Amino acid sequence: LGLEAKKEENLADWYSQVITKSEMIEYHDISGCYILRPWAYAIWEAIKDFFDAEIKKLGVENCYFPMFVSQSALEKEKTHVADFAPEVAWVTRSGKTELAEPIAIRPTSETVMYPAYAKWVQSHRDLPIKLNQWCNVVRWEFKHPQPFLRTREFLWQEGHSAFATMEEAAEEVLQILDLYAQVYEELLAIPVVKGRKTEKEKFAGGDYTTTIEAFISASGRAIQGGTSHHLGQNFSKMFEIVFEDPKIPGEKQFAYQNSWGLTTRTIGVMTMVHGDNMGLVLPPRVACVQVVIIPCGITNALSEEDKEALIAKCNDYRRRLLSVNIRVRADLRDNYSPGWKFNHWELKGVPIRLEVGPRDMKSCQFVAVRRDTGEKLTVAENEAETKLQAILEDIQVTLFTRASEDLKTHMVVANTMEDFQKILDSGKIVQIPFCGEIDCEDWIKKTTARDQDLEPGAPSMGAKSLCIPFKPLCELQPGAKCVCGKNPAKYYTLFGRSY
């Protein structure tokens, strides 16, 4: 029948079973390449529709840049290329014919886009430039891939803005990060922690990186859900993105830049956070189908005239819901049982199942079964639009509240290395006082791996920084020491085992 893999036993096999039986993912014959079937792609589209509308309000415009980079352009920002070079895929021939020059597939589009920005900017009035594109990128790592979360090819949005002043750029970084938090929290019903990446973890070639971190309670691990960088002038100086202002005559000034990105990793996090042992669970805000209508109790005995009346009543509900902007499907096919339909649509995580039997049809009522809790309700026909809308809104709230509770009990403060170690081995993420230096972050990773006390099902790995929270749980006492002991702490920092 349905799912038989259990989430609290083997998470990896549960994850693979859920994403395939929900018809979200299919495996491609190339490792780390995954097919996004319609049930998953529609979630990406719901994300796209929301985010596109929001950034359009900010003045951002969509466009499409080439997928290839020249070796010359790829290497102009040395920090950036040093970080990305081992995983850049190279095209070297066409047919059997060697190319003029090997060309790179974009791992990210800074080095594709910024020679164009340098052309388009001549005067102070050519700024700001605010472009976004929905496209695929390729990061050809040889580590083990995981669908949605960590893949060699993925779909994303990347935004790239260039400003005359640091004030404007700084403002945008946080506006975009707020939108990413809205994607996770309002659409996907996933709570996130906003923060700044440490020096170790920031975008190579950027000034600073801001992030949203989500928590996967089944793992005890956290994952970076989205990212908003201030690149400063590090790319404009290397690509000659210069203007002249009459206020500062003669001197050429370098543009201040941001880039920001969000991928289909979103869909994996929603799968990990909300899925259960019956399969996927979709937040109503992104569900391709919010209500599935299924005609029940049909036997051989049912009169043919009665049967037609039943299929017509199911289509009645469908049209009523379509007219109130509820996304809806009537699973009317003859070639599957009611039980098989119940199971099929539960695996796919449809928020509400609408059951219509001949008895309920004739009594002008129906049954609504919520997916998150399995609770059932008998509803009078005349109320369908009203109550279904409310159940949808309650489902969204409930999913978020549950996930918020988990976050609140798995994120705590510790003020010493020993307490940090212990709390971390209990499967939580921890805010600790931290010196910020890259070397101390390496030492933290090394020794929390070394000193790990293994709880039965837990991952065996060192702790990494996640973000410096904008709003820590507590305020740093004056003169507090980092967990390293030898440097004063600069801020509370969230640390955990992570993806």
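Throughout, we count residues from 1 along the sequence that is shown. The term rigid core refers to the most C-alpha atoms you can superpose between the two forms while keeping them within 1.5 Å.
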*Comparing 382 to 390 with 99 to 107, which has C-alphas lying farther from the shown form in 9 other deposited structures of this protein once the core is aligned?*
99 to 107
_After superposing on the rigid core, which of 190 to 198 and 417 to 425 has its C-alpha atoms sitting farther from this form in 9 other deposited structures of this protein?_
417 to 425
*Third-or-more of other entries without residue 52*: no
*Please report whether at least a third of the other compared entries leave residue 270 without coordinates.*
no
*asked:* So, looking at the entry's B-factor column for Cα atoms, which has the higher mean, 353 to 361 or 130 to 138?
replied: 353 to 361
_Residue stretch of maximal mean CA temperature factor, 255 to 263 vs 338 to 346_ = 338 to 346
*From 53, 461, 60, 69, can you pick the one with the highest C-alpha B factor in the entry?*
461
*Hey, out of 271, 233, 404, 157, whose CA B-factor is highest in the deposited coordinates?*
233
*Relative to the other modelled residues in the chain, which third contains the C-alpha temperature factor of residue 1: lowest, middle or highest?*
highest
*asked:* For the chain shown, is the CA B-factor of residue 290 in the lowest, middle or highest third of its modelled residues?
replied: lowest
*Of the three thirds of its chain by CA temperature factor, lowest, middle or highest, which one includes residue 147?*
middle
*Using the B-factors in the PDB entry, rank residue 373's C-alpha atom against the chain and give the third, lowest, middle or highest.*
highest
*Modelled-residue ranking by C-alpha temperature factor, third containing residue 22*: lowest
